[PDB]
Structure formats: C-alpha cells, structure tokens
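One protein chain, two forms: both are listed below as structure tokens, the first as structure 1 and the second as structure 2.
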Structure 1
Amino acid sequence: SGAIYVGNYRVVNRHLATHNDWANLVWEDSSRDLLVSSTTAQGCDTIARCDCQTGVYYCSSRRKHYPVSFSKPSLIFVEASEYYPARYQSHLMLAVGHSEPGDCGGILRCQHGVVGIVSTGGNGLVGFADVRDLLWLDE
C-alpha cells in the first residue's frame, strides 16, 4: 500500500484504488497501473522533474529503505495477475531489489523529489511506475 499526496491530488496504484478514489477520479491509465484522485486537503509531497536513474525506495515487507539503480521508463511485459491480463505495462522502471505484492505503493525518491511508486516485482526485482512526466500534478 501507499500513495503520493501532491497539491490536491492523490496518486495510487490503479489496482489498489478505493471506491472513494474512483468517485473522485481525475485520471487513470491501466497500461501504467496508475490512478489519480482529487483531495480536499493539501498534500505533503514534491515531484522530481529530472532524469535520475538512482534513488531510494521504501520496502514495506522489510520495513526498510533500499538504494536502487533503475532503468529508464519503458514498455515491459508483465505476466497475468488477479488484477490484469498479461500485457505490456508502459512507463515502468526496473531495478534489482526485494519486493512482494503488498509492497506496491512504496515511494521511490531521488535528491529532487518523488520519482514514482512500486508497481511490479519478481525474483530479486522491483518495478516502479514513473510519475515524473505527469507535469499537471504540480498545477
């Protein structure tokens, strides 16, 4: 679990969005596993606007933060799950690191701000949905 709170927006994994997220929907994209909903309170987070490929992510299954080197956002094949059929997920960044399904929503940050959230994983892999291209989150 986990979300980004920026301005009057809440960014979550689309597969974990709540009834309230869908009732306050701003934008969603199944191909990215992202959903953004509106909030009444002002958020606590800053979004990075950069090309960093190193950062730190929070891993809830270890209660710890880990440093990572990650690939640039790209189209990556993701096997079928209870949430989605087998498909290519876009704007995904992979890295070597521990993750389990419940880790989705953990934030990845670089020195500039929030880069993205945990969205996929594998045997010693962790994948993050990028949010740096969503310029409208800042306005």
Structure 2
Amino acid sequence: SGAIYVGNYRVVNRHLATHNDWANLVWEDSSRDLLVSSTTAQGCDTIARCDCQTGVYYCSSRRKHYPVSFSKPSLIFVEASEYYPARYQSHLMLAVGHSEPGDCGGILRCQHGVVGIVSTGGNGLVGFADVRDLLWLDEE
C-alpha cells in the first residue's frame, strides 16, 4: 500500500483504491494503474517535474529504501497479477529491484520530489507508475 498527498489530491494504485477513493474520484486511468481522489486536508508532497532516471523507492517487503536506475515512462506488457489480467500498462518505468504485490504504493523519489509509485513486480524487476506528467496535481 501507500499514496501520494499533494494539495487536495490522493494518488493511489487504481487496483488498491478504496470505496471512498471511488466516491471522491477526480481521475483514473486503468492503462496506468492510477487513481486520484479528492481530499479535504491539504497534501504536503511535492511532485518531481523532471526527466531523472535515478531515484530511491520504498520497498515495504524489505522495510528498505533502494536506489535504482529506471527506464523512461513507456508502454510495457505486464504479466497477469492477483489484481490485473496480463496486459499493456502505459507511463510505466522499470528498474532492477525487489517488488511484491504488497509493495504497490511505495513512493519513488529523486531530488525534485515524487516520481511515481510501485505498480508492478516479478522477474526481479519493479515497475513504477509515473506521475510527473500530471501537471494538474500542483493546482486547484
């Protein structure tokens, strides 16, 4: 699990979204495994606006932060999960690293802020759903 809190937005894995996330839906993209819901409390997270390909992600299954190199956001084929069928995911970044289902929502960050959240795992790769292109997260 895990979320990004920026302004009056909550960003979560679409597959881990709650009924309150869906009842307060702002935006969702099944292709990206992202959902944004509205919050009453102001979020203090900063979204990275950059093209960094290095950063640090939290891995709950190891209670550790790992530094990783990651690919630029791409359309990647992702195998079947306990949450999705084997399909293409857009705006996905891969790194060599440890990712289990419960690691989803772990934040990836660079010097500029939040880059994305863990979304995919397996074959010794971790996929992160990019958020840096969602410029609208940083106003009203």
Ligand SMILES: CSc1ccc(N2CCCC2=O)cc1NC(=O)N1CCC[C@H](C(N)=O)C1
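Every residue number counts along structure 1's sequence, beginning with 1. C-alpha atoms forming the largest set that superposes within 1.5 Å between two forms make up the rigid core. Only residues modelled in both forms are compared.
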Of structures 1 and 2, which is the form solved in complex with this ligand? 1
If you fit the two forms on their rigid core, which residue out of 111, 81, 69, 40 shows a CA shift of at least 2 Å between the two structures? 81
With the two forms matched on the core, what distance in Å separates the two CA positions of residue 123 between the two structures? 2.2
So if we fit the rigid core, how much does the CA of residue 19 shift between the two structures, in Å? 0.3
Give the consecutive runs of 3+ residues, present in both forms, in which every C-alpha shifts by 2 Å or more between the two structures after rigid core superposition. 80-86
